[PDB]
Amino acid sequence: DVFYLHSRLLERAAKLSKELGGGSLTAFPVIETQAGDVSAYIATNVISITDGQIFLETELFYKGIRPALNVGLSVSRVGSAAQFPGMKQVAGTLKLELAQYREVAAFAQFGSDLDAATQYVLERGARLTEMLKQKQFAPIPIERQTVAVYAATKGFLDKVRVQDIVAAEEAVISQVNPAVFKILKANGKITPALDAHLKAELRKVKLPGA
Amino acid sequence: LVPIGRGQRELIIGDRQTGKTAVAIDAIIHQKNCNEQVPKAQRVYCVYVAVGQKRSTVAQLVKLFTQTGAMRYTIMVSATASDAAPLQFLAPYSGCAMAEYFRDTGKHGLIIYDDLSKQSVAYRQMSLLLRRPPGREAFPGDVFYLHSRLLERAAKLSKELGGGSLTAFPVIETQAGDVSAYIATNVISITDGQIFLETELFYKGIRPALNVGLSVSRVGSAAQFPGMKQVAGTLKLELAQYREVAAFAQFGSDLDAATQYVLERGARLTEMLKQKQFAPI
Amino acid sequence: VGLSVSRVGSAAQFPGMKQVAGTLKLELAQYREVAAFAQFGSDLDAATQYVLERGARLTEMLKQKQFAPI
Amino acid sequence: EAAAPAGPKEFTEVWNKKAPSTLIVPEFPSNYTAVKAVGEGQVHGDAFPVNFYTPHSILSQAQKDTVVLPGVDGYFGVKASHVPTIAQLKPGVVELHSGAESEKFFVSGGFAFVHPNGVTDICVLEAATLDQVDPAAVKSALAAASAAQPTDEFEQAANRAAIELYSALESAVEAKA
Amino acid sequence: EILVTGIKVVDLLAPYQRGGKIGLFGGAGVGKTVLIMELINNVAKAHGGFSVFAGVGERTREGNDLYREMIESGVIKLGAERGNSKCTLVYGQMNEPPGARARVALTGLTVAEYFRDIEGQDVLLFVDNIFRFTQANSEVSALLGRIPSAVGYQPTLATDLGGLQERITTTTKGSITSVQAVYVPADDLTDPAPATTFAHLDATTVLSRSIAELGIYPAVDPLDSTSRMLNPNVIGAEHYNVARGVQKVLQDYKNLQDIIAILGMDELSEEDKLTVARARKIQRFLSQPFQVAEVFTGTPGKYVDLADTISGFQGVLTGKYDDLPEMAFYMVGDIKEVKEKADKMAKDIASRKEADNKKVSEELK
Amino acid sequence: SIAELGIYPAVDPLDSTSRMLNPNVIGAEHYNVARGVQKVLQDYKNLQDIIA
Amino acid sequence: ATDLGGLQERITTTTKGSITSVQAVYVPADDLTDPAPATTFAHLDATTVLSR
Amino acid sequence: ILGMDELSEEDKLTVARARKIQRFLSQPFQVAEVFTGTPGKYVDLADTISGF
Amino acid sequence: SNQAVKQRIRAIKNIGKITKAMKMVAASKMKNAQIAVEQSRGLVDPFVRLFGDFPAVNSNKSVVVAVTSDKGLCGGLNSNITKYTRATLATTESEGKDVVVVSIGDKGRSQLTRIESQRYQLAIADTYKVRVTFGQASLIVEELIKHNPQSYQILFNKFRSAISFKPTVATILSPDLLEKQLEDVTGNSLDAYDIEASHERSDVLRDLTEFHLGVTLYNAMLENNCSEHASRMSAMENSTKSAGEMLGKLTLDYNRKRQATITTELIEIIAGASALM
Ligand SMILES: Nc1ncnc2c1ncn2[C@@H]1O[C@H](COP(=O)(O)OP(=O)(O)OP(=O)(O)O)[C@@H](O)[C@H]1O
Ligand SMILES: Nc1ncnc2c1ncn2[C@@H]1O[C@H](COP(=O)(O)OP(=O)(O)O)[C@@H](O)[C@H]1O
Ligand SMILES: [Mg+2]
Ligand SMILES: [Mg+2]
């Protein structure tokens, strides 16, 4: 009954109905694996209990990529209808371009040839990775996140060198007019009147290195 | 390759869905086809013991044996999975005692204990609830004796006792080709031969999926049809060459013309032994 | 010789053996490193082949017969 | 007469319209050479580019002002704006002067081209220089070359090549400074 | 008689019996609930009989999702027109104590058995995680004072599982088409609770984790899933031959995995590296977008007919499609959509337009 | 492994030992043949990870 | 975990002083996921590898 | 496998800086001066950060 | 099951030594074959500035040559110029000509008869066993002029670096059969040269084309040999890397099976003891 140890526990994290209050409890159970073995007993127990999964890679963690999210394994089939609608339309592009970057660097590590279109998505996906790094104890509001994802997948952060993007996405949030984030937080959505405006305010950005 | 005499015990060991029950059913259907062409002192009466199967599978086999015509020679002792564990434990002994009538009256018998692993599982349950102390894989101590005292009843009798025979085909299912498990090693140790089928040869198109290296028959070619013996040593020898000069056949570039003839000749022989089911030759 | 350890033998052997055995066990440390590499003896560097031949000399040197301790 | 303009410029056309697109157009040996023959310049006065070649070595890439080559019609000398000449060389000594100093290699025989831009290309097989030849085994070989006259024309031609090489190697080993 | 499910790998390599027991094996996030919901969405909506969903030891979120999704589809109607519903839910989910999860599959079985015996009609029984019945008996039986069996399970595993499973049958009075998901612990198929379940099922659908990590969804292992309908006297000759040819190509590719891993692709023979290319084509082609996965994928779901699957896989097997890329086969319906996706992805490498098409620079008011 | 090469009796040469393998007991010219055979077969077993 | 925790949880910094423990770590069967190092490593704050 | 002069000059500087880092991590110990003679040196933290 | 993994671990751990060894061996061969290649690169230049470079000629008879490797552990090098020789044989063949295909290296005869069986007429191999010389390349050239074509096409991989091997096609024309015809530019481009031969211009051009074919064959099979060594050094370093990764996953899975084995037999011993006590 070690499955019942956690399923009795993690089923109490619910979103209640309106007739009971509409209150909610969101859980984050933490499992420590041994050698990246997600096929352990307790790990596969809780994987078949929880809704999603945030898999933190130990080889991404020593290459400086922190939070070391295994984007291929990290899933969450319950938050899709629960993301910020401004982020839902700009990070639908983010996870697919990181998929191609996961396809190129997993076969073209030999240095065989540069197809010069797969070579484009290698240093595009390297820019989306460095855009997704984050320091510790410094959370970002969701509006200042979805502009930094807007600034990168729309190519405004293109030809910035990959060791500048930590300093460059700090340049994006600092220089863009703070009234942009107030419209985006309140609509919850990058409206047609705003992405035409937010594309403008990203062209007026002193990116480092030029 | 694995010739089978009247009175020996030939294990059909394999994984799941590899062809074990298929070889057993072909063996019974062929005795129906052979009993019409032989006198009454040469006939073989089959007994099929279904331990731990479904009732649907057993009803399917009974329908098949009536459509072929094998039920005028076949008994079916079925202890299905809904039955009690003592019934599944005692059903091979029940089927062997119904088959020993033919061994003891000078006729010939063919007993097939399908899923003898499931009989061992029923015996383990029945002995763990009787508080007998478990052993390896929680099996009892006498799970070897459980199978040895059953499989030793398949014999070719002397002419004083009638000259009858009982041929046993126990079936043991393994777990991912692990024949080092407890019951697998016990029944490999008991029986004369073994017909080892593979789940990797089964999906190469080789059906029946017989591993021609590990398949042994310790009656030897002493119990083989003559003429088939005149071709079988050659077929074994070229298959033995085709097996060993393979694990190099991935490099089809360098034509060697001495190994390559052996490779394509063994390919002719390996494609020869493929066979559609429910039609014994 | 790579897996057999003696954590006493630092200053617990014959001094005439200690003059030589450090070189003997460091020459064999290179031979065990290059031995399973260059099983073939065809296309070899003039530094790796020398420690291969030295390790093959020391290996046949250390083996001795039974019931005749030296 | 000029009705088939072949070339790496034009092979690209017929290849690109007839080969699969995963392969780029293959390279050609003209893409690796910088110096052509009919083009402008590369003389500039007195010293012209001399390229001494064997299959196993490059012996001179430096600019020389005169070269003394042993042609089959005699030792000729190549000055700066020399006439273009494809010259078959017999066994003899090649002298690449630059001034007071010169490099004398005895070669085995093989052509030497002078190009309309003044580029001179000596192309021999074995260029055995004079201070590494022995003067003793030459007579031991031309003794048998003088003696042996076979029945076949093939070894006859080989023996004639033998004596014309060894006899020329005689004349350029006693009279050296 | 066959049950066409619309899923390519299921209809080709392990076809389901209409009136048979179907098992979906796999452990912890391989997709045996999305497979059971796609099977509900395809089979149950085009069935005509009644359905019984017995949720044994699963998420309560998933049971509420199925209840709300079945209210929207009219399969479950509320109030005055309730009797025109087509499904009974029996829920024994994973918050329940081990006495309840060990016995809720029997309750759902009884609700199915009434329709089979008394009403006398064909029903569908979807049991999510029949492994939780075995597990709940394994939790109870430690306290009933028994010697434990192998890995830690009860001694009466096979007979408990058998006495439950032998009631889920087609009889002469009715039919029960049983689709049961079976969890495997630690992705081990040699665990006794899946290894005992293997014998009670007509069609086995083994979902593996590595195939899911390759992106191939539904993650059905084609060399470990079987059926008793894969027989040339049941499904026909060309269907069985195409299925055996696909399995031969996949087995020949599985035998080449080590040397491709450690020596490289560049050292096989030509027929070997033709086999590798055709196998990488039919691995992608066995995947399919699901209509119940279109809310978290974005691709529309693709019901493939059985003849479309046989025709497309015969086309890849004979060699009609050695010219297309590999990713033309990834997540498509049938053999027309591989060509549509081929021109959709080879117009994409030519997709470079001029002047960026702005019309945004100073839009007037 | 000796048996599926067809070699019978399938006696492993590099696992079968005897106390009668002293040079004092069976003499030196038998013991040297046996030790040379075992040496040759062991070196072939070492070379089989290349020549296969 | 409870025996190792009851040992290693007394090695802390209080307000009055601190204990700093240097612990030699043996890894059984060269397996870092064996439960004795995998339970011991949850307490360690630094590793000092002395290599030959 | 190739040679010391195979690689670049910035690789020469990486080799040189790392070889003088590998020696600067060495330290004479005050307890080992009884059998090595040379006195040991307690290096502060503010000195080793600046030195490296 | 738990023992076969221990033998698979030792097998992969030995493959990760053998491939590292032959990576070092191929590196030692490459570093001294590059020396001969960049010295052999000189003599090909006077012929390609004297005779030009005409690949797309109207030869009515051609001899193509695919210069491949002998040892076949090179990594897609030999099939690359097989693709190139089936691309250049589908570039000149448009007029109904005779083509002879020969190959240097055993990986050429095993990959050329698969794409084309009837025009392939000769297989030179065992070239790189001792070393590659000019007498050997000239003997190969004489056996090529046993046929009487109007052109020769050499296909080889040119050692641009230890990373890049550009597949070069090299062309030679028969002397006055095609070489004098392709030079006629309202007159001739060869009349500027004063022939100092013992005989007429056709004989010196015959000797020059034989010497040109010899030096481009020698340079072709030197460049391809050392680019073979470089692709083997790079192809056994992507091989020992993958054999280290496979060994690491095997060791992790073996340790999981080891721990599960000790727990399994321990639990069975405990169950058997509690069934008595
Ligand atoms: N020679 C053959 N030719 C064609 N199909 C075969 C052949 N042998 C077996 N099969 C098919 O392969 C499958 C093998 O199932 P089989 O009857 O062997 O069950 P089993 O392995 O004995 O037991 P279990 O069902 O528990 O695995 C069946 O679907 C059968 O129809
Ligand atoms: N058919 C599918 N197509 C795409 N993704 C799938 C599919 N099935 C499962 N997944 C992915 O894997 C997860 C597990 O799906 P689910 O069926 O709930 O698995 P299980 O019930 O075995 O844990 C999903 O949340 C999704 O991310
Ligand atoms: Mg069976
Ligand atoms: Mg589930």
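Refer to the structure above for everything that follows.
> Kindly report on unusual backbone geometry, identifying the contributing residues and their values.
In this model, A:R66 is joined to A:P67 through a cis peptide bond whose omega is 0°. Looking at the secondary structure, you find A:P67 in the loop between α3 (58–61) and β2 (75–76). A cis amide bond links B:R207 to the next residue, B:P208, at an omega of 5°. Residue position: B:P208 is located in the loop between β7 (193–196) and α7 (228–245).

> Can you lay out helix α6 (residues 182–190) of chain B for me, pointing to particular residues and giving the numbers?
Burial within α6(B) is extensive, with 7 of its 9 residues counted as buried. Burial in α6(B) covers these residues: B:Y182, B:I183, B:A184, B:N186, B:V187, B:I188 and B:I190.

> Run through a negative patch on the surface, naming residues and quoting values.
Residues and elements named next belong to chain I. A grouping of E142, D176, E200, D203, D207 and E210 is seen on the molecular surface, where their side chains present a negatively charged patch. Broken down by element, the residue count for the negative patch peaks at 3 residues, all from helix α7 (residues 201–235). Inspection of the secondary structure puts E200 in the loop between α6 (175–182) and α7.

> How would you sum up the interface of chain I and chain A? Please name residues and give values.
Between chain I and chain A, the residue contacts involve 4 residues of the former and 4 residues of the latter. Both sides of the chain I and chain A interface together cover about 390 Å² of buried area, and 56% of this is carbon and sulfur. For chain I, the biggest contributors to the area lost against chain A are I:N238, I:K241 and I:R256; these three give 73% of the whole. Run the count over chain I and chain A and you get 1 salt bridge. Counting every contact that joins chain I to chain A gives 0 residue pairs in polar contact. Looking at the side of chain I that touches chain A residue by residue, the classes come out as 1 nonpolar, 1 polar and 2 charged.

> Residue-level account of the pairing of strand β4 (residues 151–159) of chain I, with values.
All names here are of chain I. The buried fraction of β4 is high, at 9 of 9 residues. The side-chain alternation of β4 yields two buried faces, one formed by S151, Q153, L155, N157 and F159 and the other by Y152, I154, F156 and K158. Strand direction decides the pairing type here: strand β1 (residues 61–67) and β4, joined by 5 bridges, are parallel. Within β4, the position partnered with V65 by the bridge is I154. Sheet topology note: the β4/strand β5 (residues 165–173) ladder contains 9 bridges and is antiparallel. Pairing of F159 across the sheet is with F165, part of β5. The turn linking β4 back onto β5 is made up of 5 residues.

> Can you explain the side chain of I:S69? Please cite residues and give values.
Structurally, the position occupied by I:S69 is in the loop between β1 and α3 (78–92). Of the polar contacts made by the side chain of I:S69, one reaches the side chain of I:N78; its length is 2.9 Å.

> Any details on the site of ligand 2? Residues and values, ideally.
Around ligand 2 sit A:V75, A:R77, E:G29, E:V30, E:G31, E:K32, E:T33, E:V34, E:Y217, E:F290 and E:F296, and those are all the residues in its vicinity. More than one chain approaches ligand 2, the contributing ones being chains A and E. In the model, an oxygen atom of ligand 2 is placed 3.2 Å from a nitrogen or oxygen of the E:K32 side chain. Here the shell around ligand 2 is composed, by residue class, of 6 nonpolar, 3 polar and 2 charged.

> I'd like a description of the environment of B:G95, backed by residues and values.
Residues and elements named next belong to chain B. Mapped onto the secondary structure, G95 falls in helix α3 (residues 85–104). Residue class for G95 comes out buried when judged on its relative accessible area of 0%. Residue contacts for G95: discarding those within four places in its chain leaves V47, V49, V77 and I111.

> So what's going on with the sheet that holds strand β3 (residues 120–124) of chain I? Residues and values would help.
Residues and elements named next belong to chain I. Taken in spatial order, the 5 strands of this open sheet run β3-β2-β1-β4-β5, and their pairing is mixed. Edge positions in the open sheet fall to β3 and β5, since each of these has one partner strand only. Mean inter-strand twist for the sheet, computed between neighbouring axes without regard to direction, equals 20°. Each of β1, β2 (98–104), β4 and β5 touches α3; the most contacted strand, β4, lies at about 150° to it.

Quick notes on the rules
Residues numbered from 1 in each chain as written, not as in the entry; some residues may be left out. Chains lettered and ligands numbered in written order. Part of a larger assembly, values for the part shown. Heavy atoms only, no water. Residues with missing side-chain atoms left out of burial classes, pairs and counts. Helix = DSSP H or I, 4+ residues; strand = E, 2+ residues; numbered from the N terminus. Buried < 20%, exposed > 50% of the residue type's maximum accessible area, 1.4 Å probe, protein only. Patch = residues over 30% accessible without salt bridge, like charges linked within 9 Å, V, L, I, M, F, W, Y side chains within 5 Å. Areas by Shrake-Rupley, 256 points an atom, 1.4 Å probe, with all protein chains shown as cover. Salt bridge = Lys/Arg side-chain N within 4 Å of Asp/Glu carboxyl O. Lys, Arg positive; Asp, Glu negative; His and termini not counted. Charge placed at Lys NZ, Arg CZ, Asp CG, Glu CD. Contact = heavy atoms within 4.5 Å. Buried area = accessible area lost by both parts, 1.4 Å probe. Polar contact = N/O pair within 3.5 Å; in protein donor to acceptor, adjacent residues only side chain to side chain. Nonpolar A, V, L, I, M, F, W, Y, C, P; charged D, E, K, R; others polar. Pairing = 2+ DSSP bridges. Near = heavy atom within 4 Å. Axes fitted to C-alpha atoms, helices over the stretch in contact; angles between N-to-C directions.

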